[PDB]
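Participant: Just passing along the structure, written as structure tokens.
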Amino acid sequence: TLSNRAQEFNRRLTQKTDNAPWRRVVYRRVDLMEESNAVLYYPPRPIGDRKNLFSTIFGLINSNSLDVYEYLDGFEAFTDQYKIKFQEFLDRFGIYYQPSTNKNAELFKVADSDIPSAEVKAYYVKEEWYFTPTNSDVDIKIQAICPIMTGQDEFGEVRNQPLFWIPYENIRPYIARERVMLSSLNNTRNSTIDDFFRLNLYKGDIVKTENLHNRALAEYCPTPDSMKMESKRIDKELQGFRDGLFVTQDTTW
Amino acid sequence: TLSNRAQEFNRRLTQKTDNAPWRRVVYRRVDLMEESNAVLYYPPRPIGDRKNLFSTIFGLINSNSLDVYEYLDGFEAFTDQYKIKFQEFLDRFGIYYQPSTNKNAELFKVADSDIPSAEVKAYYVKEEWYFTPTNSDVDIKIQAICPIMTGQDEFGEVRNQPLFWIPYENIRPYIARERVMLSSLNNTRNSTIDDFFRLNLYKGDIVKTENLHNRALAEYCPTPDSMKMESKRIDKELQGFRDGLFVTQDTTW
Amino acid sequence: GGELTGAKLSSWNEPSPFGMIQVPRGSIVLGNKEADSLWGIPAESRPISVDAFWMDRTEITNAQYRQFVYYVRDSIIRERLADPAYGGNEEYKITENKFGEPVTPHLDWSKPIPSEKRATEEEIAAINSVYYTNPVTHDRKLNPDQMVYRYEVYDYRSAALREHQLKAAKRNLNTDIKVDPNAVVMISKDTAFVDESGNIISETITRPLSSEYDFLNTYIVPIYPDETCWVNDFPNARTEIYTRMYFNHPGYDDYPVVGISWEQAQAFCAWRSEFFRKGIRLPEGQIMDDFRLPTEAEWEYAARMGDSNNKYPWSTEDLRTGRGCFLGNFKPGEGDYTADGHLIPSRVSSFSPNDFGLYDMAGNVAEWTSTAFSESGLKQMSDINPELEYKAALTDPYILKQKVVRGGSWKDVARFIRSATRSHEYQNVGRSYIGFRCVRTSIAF
Amino acid sequence: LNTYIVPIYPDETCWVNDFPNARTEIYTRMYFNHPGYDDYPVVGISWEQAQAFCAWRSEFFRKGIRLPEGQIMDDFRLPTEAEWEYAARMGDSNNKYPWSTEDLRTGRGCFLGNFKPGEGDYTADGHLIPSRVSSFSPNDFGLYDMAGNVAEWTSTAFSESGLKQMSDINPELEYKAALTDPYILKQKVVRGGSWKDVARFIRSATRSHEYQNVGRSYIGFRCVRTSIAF
Amino acid sequence: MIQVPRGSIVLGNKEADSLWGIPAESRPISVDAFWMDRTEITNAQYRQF
Amino acid sequence: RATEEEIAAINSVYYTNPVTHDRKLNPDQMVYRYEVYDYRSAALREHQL
Ligand SMILES: *[C@H]1O[C@H](CO)[C@@H](O[C@@H]2O[C@@H](C)[C@H](O)[C@@H](O)[C@H]2O)[C@H](O)[C@@H]1O[C@H]1O[C@H](C(=O)O)[C@@H](O[C@H]2O[C@H](CO)[C@@H](O[C@@H]3O[C@@H](C)[C@@H](O)[C@@H](O)[C@@H]3O)[C@H](O)[C@H]2O)[C@H](O)[C@H]1O
Ligand SMILES: *[C@H]1O[C@H](CO)[C@@H](O[C@@H]2O[C@@H](C)[C@H](O)[C@@H](O)[C@H]2O)[C@H](O)[C@@H]1O[C@H]1O[C@H](C(=O)O)[C@@H](O[C@H]2O[C@H](CO)[C@@H](O[C@@H]3O[C@@H](C)[C@@H](O)[C@@H](O)[C@@H]3O)[C@H](O)[C@H]2O)[C@H](O)[C@H]1O
Ligand SMILES: *[C@H]1O[C@H](CO)[C@@H](O)[C@H](O)[C@@H]1O
Ligand SMILES: *[C@H]1O[C@H](CO)[C@@H](O)[C@H](O)[C@@H]1O
Ligand SMILES: [Ca+2]
Ligand SMILES: [Ca+2]
């Protein structure tokens, strides 16, 4: 449906980290219960044709227009071995469904109340900070996002369950067309979810980093305060690299 | 019935918020037991040819000249799915009715004593404040109104019940002909309900704002005093935007 | 080739109108911030901006309108003179050039109309055709049914509308939307003519948009003042003397004209524009703006001298000077119209003028504006050059034919002579307390 | 090679269409045809018409100069939004407007540009509609009306995240939309603010946008030309 | 036309309004020298075209 | 000072309002033709001939 002009322009707007002399992969947790992060939350349930990010993802999976992969602990593998089967995802997470009246863009029949668009209150964002070899500037690229369901832990207490991994290239075309509002003080829908991610308007804390030991912060930070401290330290490291790149603000001469 | 000149004029007199760079949707509870608000209340029951706003609404619904939609908590959807069936509105709210002697302009036969013209004592007004791109001025547009019946709760206590949502475009032509009086000190019927809403002569406090969490004021304001405080804060925010638009009163030069 | 110089236009000469002053562009908060609270009328205010324009120093007087009436009389008499029914003298209607080239038939105003004593029988009949003599009182007066002015106006603003483009493809710039051949745009226009029986037929034609003639409106309006207003406005009063002598006495020549309806005022403005254009030479390409009734925003801005601190057309909040003299002609007391010295409208310029130099913006006669009346019109108008313009259909309900009136009159209380108070009257109604003045958009830099 | 045949006559009806319920037809009749408005910025000009004007200007300039063998000149063009913002702020990141101070008026109370300073008050600066060019002080670079008067076209296609997607050096987001492309893809960036804009939109950092085939009574343009300097 | 020298600048504003609901976006860039029209195009200049 | 055919050729680009009789340049006739060579697209590595 796209024109050759549009295809060329789009492929001109993709970020390439092929020959970066420096890279760093960061797994952040974005909490939807914070302003400037609820952009991906509104509306909690579909209001007419208005849907939040998880509603769009679930609808796309109900068709065959989006491939998602199982969330494994330790590593991510987006290969046909780990491709998620929509049938063996509703029962595993207690989502009631009925046979579909159509097999075109409908694998099953799931009601809006059954779809957990309001229970998903957090996302896992896998970012790659890179240094551009030709331009000599730092940039961030999105690799994948994982919705986290925040349902109620059985026998009491709460439990957060990551659902699956969505490679950002797979979902980019679909979220570049839906308009959303970026603030509660201005309800104009002048932006898109793709703009929200590309401009790095989300605020999450570092929960993991790519390291030689394959360590997550949860394995050496026992308390939430220590996890926040470690996230602050890693963010300081990233900002320190960015600042040390340049010498234009060093008046020690 | 309308001439071509009148249609052109009316189409020219509508408010368009299509390209507004700033928007804000606000829900206000307008209480009819306050002066400057009882314009929509007089007369509590029809006086010859004189009816209040709810009497007109019910009369139009008894015909097929007005489409209303269910008051759903959290969101509004003015689609045929939520269109209200008149027959299944009266027995729901305990309004005694009789079969009609004419199928034209009367779906049922309801006595004025049964119609809750005087019981409906509040309205929900869905306003949209917008900033005009071409003109660079702030305006308000009415989207829908919801009558609130305030009968006596069973077993005791009082209970306010929203009835339905009336899109303002649906009721505008009918209320632009009803001449009313805007004051008790001057009983001249020189204005209309449409002028009452367009001039923004109603006074209500904010009960909901279009925010990213789809939160209402009640969900985080326990007591009525706190509700009033939050409404005042939101009104200050709106007035602050309006004032900050311009600079002619800044004499710090 | 070369560089980017400019393709300048030939300079024009701007004729300053006689009897007018210049009102500069500016801004003002229309309306009153505080209400009476005993009139039960909520306060409505709105800040707006307007451009500079010429405005008549005083209201139109009886003599100034008699000029229009006399022009209509002379034109009709000349048309009848060069007519087979009454006269036949073709010298009164030029239809050819000196070289014999057929040209548009038009009257020859150079030749004087025959005097009643020196005119032949047919000329006397043609002259008398426009007069009526009372069979009882034997008084000869211009026949109001014969004093009709014909004129056409082009709707520039309607012709410029995107929806009214003469090409369908040019009616929508969004390239996602296709042009539907079956789509027709309905337009309304006013036309008027004289049938063989001699009656005036006026109608509103509604048809699909096909040509530029869809934006031309034609009117034939009886323009003789309605002198009976004095009798009809005031029952149980001895006001027939004014119905007999106000518009017909030389002593009232400089008094404002009353009994003029909105349509008659528009006809007078059109005639004034035609007269002014006829009496001037214009360089090639020159475009001038016609005389018109002011918008209510323009009127309020001019009356208050472009200052929002003024409630009247004077700086002080009081209605009298330090010596106790009233600043306008209105009804200051109860049953007491003469506290200011005048009972009925006084001679124009009898009080002090504005800072803009305008007279009788408060009191004397209330003044027509071009704005259609709406209870919420200040909110419905634009921020710049505000205007609410409605051309009512002939078969529209009477309620849609009301026009805003500004200023207050000799019979109004101090509340209604405030520059922010709005009144209204039906467009076909003339009153003994409503006159008007004209404005003209000024090309100023 | 891209060939265009563009109707280049200004859309004078913009005055009527931009402002419903106003007496603006006088400007639709006189603004582009009166000798008194000769030195006023041209409005009602579309992005495509501005591009055609720049091409004609380049052709006209070439037709009237003798060039030694091998000399290749750059054509006139609309500025990029980055170029425009750099020139408006005098290449200084401490400036919010095309002037040094943060205020909007001088010490004597005079406004620094032609915009809408007050509520319903366009004439606070002395002008309601666009004023004659060079009516206020210029930049340090020597540019006039970079804030107010008419907002100005740029060659950059509009994207909500366009600052992030452009390059560090000579940034440009260029798009040649197809005829059958959805209308949303044909928006171009506009800069500077106009006579009808609040102080926020005459800030040199605020970005507006307009469809490439739409002319407005508040959008003009100026040309730039890459200079061969050493 | 006047000459605009090559240089660098941080496009955008660091601080937002918080009442317009538009987050601040800033980016430092560099541009080369170019000629720019002293004023915006006037009516006569377009009338030439 | 022109001839009949010259007058026809000159008037071909003008339009007169049949009502008010104003002769103005016909906007539908004021069309400019021009070509632009895309140097940047021709220099792309993927666009080598
Ligand atoms: C005078 O006015 C009365 C109306 O008050 C007319 O009487 C009406 O019509 C008659 C036929 C009936 O008895 C009634 O219906 C009655 O109400 C009466 O006919 C006269 O008006 C008419 O004649 C005028 C005249 O001959 O002067 C016309 O004036 C204009 O006529 C020309 C029309 O093209 C115009 O010339 C044109 O413009 C000028 C600037 C120049 O360019 C020239 O070359 C053009 O041809 C004149 O300048 C006008 O004065 C009047 O319109 C017409 O109704
Ligand atoms: C208003 O409209 C009525 C018609 O409804 C006009 O006709 C009058 O009414 C009849 C009954 C009486 O016998 C006469 O008094 C007669 O004049 C009336 O005068 C008013 O006319 C005005 O409105 C017309 C309209 O909108 O129809 C104007 O346009 C008409 O005249 C044009 C003259 O050139 C004519 O164009 C010519 O014919 C067409 C077919 C085409 O060949 C074109 O190129 C020609 O120039 C229009 O089609 C008519 O519609 C009229 O000028 C104006 O005074
Ligand atoms: C909290 O404290 C623990 C123990 O020192 C650290 O591992 C963690 O990084 C945070 O500082
Ligand atoms: C009353 O107080 C509560 C608690 O501070 C607030 O939530 C509410 O908005 C109002 O101020
Ligand atoms: Ca007066
Ligand atoms: Ca400018």
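Residues are referred to by chain and number: the chain letter is A, B, ... according to the order shown in the structure tokens, the number counts from 1 in that chain, and ligands are numbered separately from 1 in the order shown.
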Neighbouring residues of ligand 1 are defined here as those with any atom at most 9 Å from a ligand atom, counting only C-alpha atoms and all ligand atoms; list them as a count of residues only.
Facilitator: 42
Participant: Please identify all polymer residues within 10 Å of residue D:187, counting only C-alpha atoms, omitting same-chain residues fewer than 3 positions from it, and present them as an mmCIF file with C-alpha atoms, in the first residue's frame.
Facilitator:
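Full text of around.cif as output:
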```
data_model
loop_
_atom_site.group_PDB
_atom_site.id
_atom_site.type_symbol
_atom_site.label_atom_id
_atom_site.label_comp_id
_atom_site.auth_asym_id
_atom_site.auth_seq_id
_atom_site.Cartn_x
_atom_site.Cartn_y
_atom_site.Cartn_z
ATOM 1 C CA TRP D 47 4.856 25.602 -0.592
ATOM 2 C CA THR D 156 11.905 20.427 5.626
ATOM 3 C CA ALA D 157 9.144 17.840 5.741
ATOM 4 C CA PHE D 158 7.329 17.794 9.072
ATOM 5 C CA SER D 159 7.776 14.916 11.516
ATOM 6 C CA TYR D 175 10.540 14.346 1.214
ATOM 7 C CA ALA D 177 5.580 13.199 -1.708
ATOM 8 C CA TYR D 183 -2.560 13.765 2.584
ATOM 9 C CA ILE D 184 -0.855 13.403 5.978
ATOM 10 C CA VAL D 190 6.776 26.591 9.113
ATOM 11 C CA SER D 208 4.452 24.764 12.966
ATOM 12 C CA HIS D 209 3.376 22.873 9.872
ATOM 13 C CA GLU D 210 1.148 23.309 6.849
ATOM 14 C CA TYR D 211 0.084 21.215 3.883
ATOM 15 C CA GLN D 212 2.237 21.803 0.817
ATOM 16 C CA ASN D 213 -0.715 22.919 -1.351
ATOM 17 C CA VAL D 214 -2.320 25.308 1.173
#
```
Participant: Smallest atom-to-atom distance to chain D: which of A:72, A:30, A:105, A:193, using only C-alpha atoms?
Facilitator: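 Ranked by minimum distance to chain D, first place goes to A:193.
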Participant: Using only C-alpha atoms, pick whichever of D:122, D:218, D:136, D:76 has the shortest atom-to-atom distance to chain C.
Facilitator: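 The closest residue to chain C is D:122.
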Participant: I'd like the contact shell of residue F:37 - 8 Å cut-off, only C-alpha atoms, skipping same-chain residues fewer than 2 positions apart - returned as a PyMOL selection string.
Facilitator: (chain D and resi 1-2) or (chain F and resi 35+39)
Participant: Compute the set of protein, DNA and RNA residues whose minimum atom distance to ligand 3 is at most 6 Å, using only C-alpha atoms and all ligand atoms, and state it as a PyMOL selection string.
Facilitator: chain A and resi 220-221+226-227+229-230
Participant: Counting only C-alpha atoms, collect the residues of chain E whose closest atom lies at most 9 Å from chain B, and write them out as a ChimeraX atom specification.
Facilitator: /E:19-21
Participant: Once you count only C-alpha atoms and all ligand atoms, which residues end up within 12 Å of ligand 2, and could you hand them over as a PyMOL selection string?
Facilitator: (chain C and resi 150-154+187-220) or (chain F and resi 17-21)
Participant: May I ask for the distance between atom CA of residue D:33 and atom CA of residue D:153, given in Å to one decimal place?
Facilitator: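 Between atom CA of residue D:33 and atom CA of residue D:153 the gap is 22.6 Å.
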Participant: Taking only C-alpha atoms and all ligand atoms and a cut-off of 6 Å, can you tell me which residues surround ligand 6, written as a ChimeraX atom specification?
Facilitator: /D:145-151,192
Participant: When you look at residue D:191 with a cut-off of 8 Å (counting only C-alpha atoms), what residues show up, excluding the ones that are within fewer than 4 positions of it in the same chain? I need them as a PyMOL selection string.
Facilitator: chain D and resi 81+84-85+151-154+202+204+206-208
Participant: Using only C-alpha atoms, which chain D residues lie at most 8 Å away from chain B, written as an MDAnalysis selection string?
Facilitator: chainID D and resid 18:21 103 105:107 109 117:120 124 196:200
Participant: Counting only C-alpha atoms and all ligand atoms, name the residues that have an atom within 7 Å of an atom of ligand 5; the answer should be given as a PyMOL selection string.
Facilitator: chain C and resi 59+360-367+407-409
Participant: If I take atom CA of residue C:114 and atom CA of residue C:137, how far is one from the other in Å, to one decimal?
Facilitator: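 Taking atom CA of residue C:114 as the start and atom CA of residue C:137 as the end point, the length is 26.6 Å.
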Participant: Identify, on the basis of only C-alpha atoms, every residue whose closest approach to residue C:390 does not exceed 8 Å; exclude the query and any residue fewer than 6 positions from it along the same chain; express the result as a VMD selection string.
Facilitator: (chain B and resid 5 9) or (chain C and resid 371 to 372)
Participant: Could you report the residues within 12 Å of ligand 4, using only C-alpha atoms and all ligand atoms, as a ChimeraX atom specification?
Facilitator: /B:206-207,216-234
Participant: Mind dumping the selected residues with C-alpha atoms as a tab-separated table (two decimals), in the first residue's frame?
Facilitator:
```
chain	number	residue	atom	x	y	z
B	206	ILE	CA	-15.20	19.94	37.65
B	207	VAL	CA	-15.74	16.25	38.35
B	216	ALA	CA	-12.14	10.87	37.86
B	217	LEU	CA	-11.88	13.42	40.65
B	218	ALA	CA	-13.82	11.19	43.05
B	219	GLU	CA	-11.26	8.38	42.77
B	220	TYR	CA	-8.65	10.51	44.58
B	221	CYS	CA	-10.75	13.07	46.51
B	222	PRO	CA	-12.45	11.47	49.53
B	223	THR	CA	-14.44	14.40	50.92
B	224	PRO	CA	-16.56	17.08	49.21
B	225	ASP	CA	-14.20	19.80	50.44
B	226	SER	CA	-11.32	18.05	48.66
B	227	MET	CA	-13.46	17.75	45.53
B	228	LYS	CA	-14.08	21.50	45.60
B	229	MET	CA	-10.37	22.15	46.15
B	230	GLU	CA	-9.41	19.97	43.18
B	231	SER	CA	-12.02	21.64	40.97
B	232	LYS	CA	-10.65	25.05	41.96
B	233	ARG	CA	-7.11	23.90	41.17
B	234	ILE	CA	-8.13	22.69	37.71
```
Participant: Set the cut-off to 8 Å and count only C-alpha atoms: what are the residues of chain D that reach chain C? Output as a PyMOL selection string.
Facilitator: chain D and resi 13+16-17+19-26+30+33-36+38+57+59-65+119-124+128+180+182-183+213-214
Participant: Just to be explicit: take each residue in the selection above, keep N, CA, C and O atoms, and write the result as a CSV table (one decimal), in the first residue's frame.
Facilitator:
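The resulting file, part_28.csv, is shown below:
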```csv
chain,number,residue,atom,x,y,z
D,13,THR,N,-8.0,34.5,-1.9
D,13,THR,CA,-9.2,34.2,-1.1
D,13,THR,C,-8.9,33.7,0.3
D,13,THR,O,-9.8,33.6,1.1
D,16,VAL,N,-10.4,35.5,3.2
D,16,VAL,CA,-11.8,35.2,3.5
D,16,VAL,C,-11.9,33.9,4.2
D,16,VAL,O,-12.7,33.7,5.1
D,17,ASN,N,-11.1,32.9,3.8
D,17,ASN,CA,-11.3,31.5,4.2
D,17,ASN,C,-10.6,31.3,5.6
D,17,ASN,O,-11.1,30.4,6.3
D,19,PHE,N,-10.6,33.4,8.2
D,19,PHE,CA,-11.3,34.1,9.2
D,19,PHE,C,-12.8,34.2,9.0
D,19,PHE,O,-13.3,35.2,8.4
D,20,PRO,N,-13.5,33.1,9.3
D,20,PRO,CA,-15.0,33.2,9.2
D,20,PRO,C,-15.6,34.3,10.1
D,20,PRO,O,-15.0,34.6,11.2
D,21,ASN,N,-16.6,34.9,9.7
D,21,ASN,CA,-17.4,35.9,10.5
D,21,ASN,C,-16.5,37.2,10.7
D,21,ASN,O,-16.5,37.8,11.8
D,22,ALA,N,-15.8,37.6,9.6
D,22,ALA,CA,-15.0,38.8,9.7
D,22,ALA,C,-15.1,39.5,8.4
D,22,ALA,O,-15.4,38.9,7.3
D,23,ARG,N,-14.8,40.8,8.4
D,23,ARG,CA,-14.7,41.7,7.2
D,23,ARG,C,-13.3,41.7,6.7
D,23,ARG,O,-12.6,42.7,6.9
D,24,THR,N,-12.9,40.6,6.0
D,24,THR,CA,-11.6,40.5,5.5
D,24,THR,C,-11.5,40.4,4.0
D,24,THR,O,-10.5,40.2,3.4
D,25,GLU,N,-12.7,40.5,3.3
D,25,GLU,CA,-12.7,40.5,1.9
D,25,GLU,C,-12.0,41.7,1.3
D,25,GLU,O,-11.5,41.6,0.1
D,26,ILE,N,-11.9,42.8,2.0
D,26,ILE,CA,-11.1,43.9,1.5
D,26,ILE,C,-9.7,43.6,1.3
D,26,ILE,O,-9.1,44.0,0.3
D,30,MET,N,-7.6,43.8,-2.2
D,30,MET,CA,-6.6,44.9,-2.3
D,30,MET,C,-5.2,44.5,-2.0
D,30,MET,O,-4.2,45.1,-2.5
D,33,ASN,N,-3.0,43.7,-4.9
D,33,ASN,CA,-3.2,44.6,-6.0
D,33,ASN,C,-3.1,46.0,-5.7
D,33,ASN,O,-3.2,46.9,-6.6
D,34,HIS,N,-2.8,46.4,-4.4
D,34,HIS,CA,-2.7,47.8,-4.1
D,34,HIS,C,-1.3,48.3,-4.1
D,34,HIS,O,-0.4,47.6,-3.6
D,35,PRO,N,-0.9,49.4,-4.7
D,35,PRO,CA,0.5,49.9,-4.7
D,35,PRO,C,0.9,50.2,-3.3
D,35,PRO,O,2.2,50.2,-3.0
D,36,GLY,N,0.0,50.4,-2.3
D,36,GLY,CA,0.4,50.7,-1.0
D,36,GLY,C,0.9,49.5,-0.2
D,36,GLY,O,1.7,49.6,0.8
D,38,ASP,N,2.8,47.2,-1.7
D,38,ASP,CA,3.9,46.6,-2.5
D,38,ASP,C,5.0,46.1,-1.7
D,38,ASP,O,5.5,45.0,-2.0
D,57,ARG,N,13.6,32.2,-9.9
D,57,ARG,CA,14.7,33.1,-9.4
D,57,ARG,C,16.1,32.6,-9.8
D,57,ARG,O,16.9,33.4,-10.3
D,59,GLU,N,16.8,30.6,-12.3
D,59,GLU,CA,16.9,30.7,-13.7
D,59,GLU,C,17.2,32.1,-14.2
D,59,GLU,O,18.0,32.4,-15.0
D,60,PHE,N,16.4,33.1,-13.6
D,60,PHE,CA,16.6,34.5,-13.9
D,60,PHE,C,18.0,35.0,-13.5
D,60,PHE,O,18.6,35.7,-14.3
D,61,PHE,N,18.5,34.5,-12.4
D,61,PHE,CA,19.9,34.9,-12.0
D,61,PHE,C,20.9,34.4,-12.9
D,61,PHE,O,21.9,35.1,-13.3
D,62,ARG,N,20.8,33.1,-13.3
D,62,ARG,CA,21.7,32.5,-14.3
D,62,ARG,C,21.7,33.2,-15.6
D,62,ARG,O,22.7,33.4,-16.2
D,63,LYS,N,20.5,33.6,-16.1
D,63,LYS,CA,20.3,34.2,-17.4
D,63,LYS,C,21.1,35.5,-17.5
D,63,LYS,O,21.3,36.0,-18.6
D,64,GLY,N,21.4,36.1,-16.4
D,64,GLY,CA,22.0,37.5,-16.5
D,64,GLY,C,23.4,37.6,-15.9
D,64,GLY,O,23.7,38.6,-15.3
D,65,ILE,N,24.2,36.6,-16.0
D,65,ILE,CA,25.6,36.6,-15.5
D,65,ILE,C,26.5,35.8,-16.5
D,65,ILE,O,26.1,34.8,-17.0
D,119,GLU,N,-5.0,39.8,24.1
D,119,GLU,CA,-6.1,39.0,23.9
D,119,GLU,C,-7.1,39.8,23.0
D,119,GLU,O,-7.6,40.8,23.5
D,120,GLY,N,-7.4,39.3,21.8
D,120,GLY,CA,-8.2,40.0,20.9
D,120,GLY,C,-7.6,41.4,20.5
D,120,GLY,O,-8.2,42.2,19.9
D,121,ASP,N,-6.3,41.5,20.8
D,121,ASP,CA,-5.5,42.7,20.6
D,121,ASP,C,-4.4,42.5,19.7
D,121,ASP,O,-3.3,42.1,20.1
D,122,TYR,N,-4.6,42.6,18.4
D,122,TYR,CA,-3.5,42.5,17.4
D,122,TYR,C,-2.7,43.7,17.2
D,122,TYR,O,-1.5,43.7,16.9
D,123,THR,N,-3.3,44.9,17.5
D,123,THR,CA,-2.7,46.2,17.1
D,123,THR,C,-1.8,46.8,18.2
D,123,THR,O,-1.4,47.9,18.1
D,124,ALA,N,-1.6,46.0,19.3
D,124,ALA,CA,-0.7,46.6,20.4
D,124,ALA,C,0.6,47.0,19.9
D,124,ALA,O,1.2,48.0,20.5
D,128,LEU,N,-2.2,45.5,12.7
D,128,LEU,CA,-3.1,44.4,12.8
D,128,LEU,C,-2.8,43.2,11.9
D,128,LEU,O,-2.6,42.1,12.3
D,180,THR,N,-0.3,10.3,-5.2
D,180,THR,CA,-1.3,9.4,-4.6
D,180,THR,C,-1.0,9.1,-3.1
D,180,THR,O,-1.7,8.3,-2.5
D,182,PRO,N,-1.0,9.5,0.9
D,182,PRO,CA,-2.0,10.1,1.8
D,182,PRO,C,-1.7,11.5,2.2
D,182,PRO,O,-0.5,11.9,2.3
D,183,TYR,N,-2.7,12.3,2.4
D,183,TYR,CA,-2.6,13.8,2.6
D,183,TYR,C,-1.7,14.1,3.8
D,183,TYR,O,-1.1,15.1,3.9
D,213,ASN,N,0.1,22.3,-0.3
D,213,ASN,CA,-0.7,22.9,-1.4
D,213,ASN,C,-1.6,24.0,-0.8
D,213,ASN,O,-2.6,24.4,-1.5
D,214,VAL,N,-1.4,24.4,0.5
D,214,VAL,CA,-2.3,25.3,1.2
D,214,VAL,C,-1.6,26.6,1.3
D,214,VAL,O,-0.5,26.7,1.8
```
Participant: Can you tell me, as a ChimeraX atom specification, what residues are no more than 10 Å from residue B:191 when counting only C-alpha atoms, ignoring any on the same chain fewer than 5 positions away?
Facilitator: /B:176-182,196 /C:374-376
Participant: With N, CA, C and O atoms kept, could you save the residues just selected as a CSV table (one decimal), in the first residue's frame?
Facilitator:
```
chain,number,residue,atom,x,y,z
B,176,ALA,N,-32.6,25.8,20.3
B,176,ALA,CA,-32.3,27.1,19.8
B,176,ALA,C,-33.6,27.9,19.5
B,176,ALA,O,-33.6,29.1,19.1
B,177,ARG,N,-34.8,27.2,19.6
B,177,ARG,CA,-36.1,27.9,19.4
B,177,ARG,C,-36.8,28.2,20.7
B,177,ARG,O,-37.8,29.0,20.7
B,178,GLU,N,-36.5,27.5,21.8
B,178,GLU,CA,-37.2,27.7,23.1
B,178,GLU,C,-36.7,28.9,23.8
B,178,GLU,O,-35.5,29.0,24.2
B,179,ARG,N,-37.5,29.9,23.9
B,179,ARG,CA,-37.1,31.2,24.6
B,179,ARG,C,-37.4,31.0,26.1
B,179,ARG,O,-38.5,30.6,26.5
B,180,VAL,N,-36.4,31.4,26.9
B,180,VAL,CA,-36.4,31.3,28.3
B,180,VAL,C,-36.0,32.6,28.9
B,180,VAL,O,-35.6,33.5,28.3
B,181,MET,N,-36.2,32.7,30.3
B,181,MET,CA,-35.8,33.8,31.0
B,181,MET,C,-34.6,33.5,31.9
B,181,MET,O,-34.6,32.4,32.5
B,182,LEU,N,-33.6,34.3,31.9
B,182,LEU,CA,-32.3,34.0,32.5
B,182,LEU,C,-32.2,34.5,33.9
B,182,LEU,O,-31.1,34.3,34.5
B,196,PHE,N,-27.9,30.0,26.4
B,196,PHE,CA,-27.4,29.8,27.7
B,196,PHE,C,-26.2,29.0,27.7
B,196,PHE,O,-25.2,29.2,28.5
C,374,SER,N,-28.0,38.6,17.4
C,374,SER,CA,-28.0,37.3,18.0
C,374,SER,C,-27.8,37.5,19.5
C,374,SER,O,-26.9,38.3,19.9
C,375,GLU,N,-28.5,36.8,20.4
C,375,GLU,CA,-28.3,36.9,21.8
C,375,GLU,C,-26.8,36.5,22.2
C,375,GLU,O,-26.3,37.1,23.1
C,376,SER,N,-26.2,35.6,21.5
C,376,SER,CA,-24.8,35.3,21.6
C,376,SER,C,-24.2,35.5,20.3
C,376,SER,O,-24.0,34.6,19.5
```
Participant: Measuring atom to atom with only C-alpha atoms, identify which of C:395, C:428, C:228, C:309 is nearest to chain B.
Facilitator: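 Ranking C:395, C:428, C:228, C:309 by distance to chain B, first place goes to C:395.
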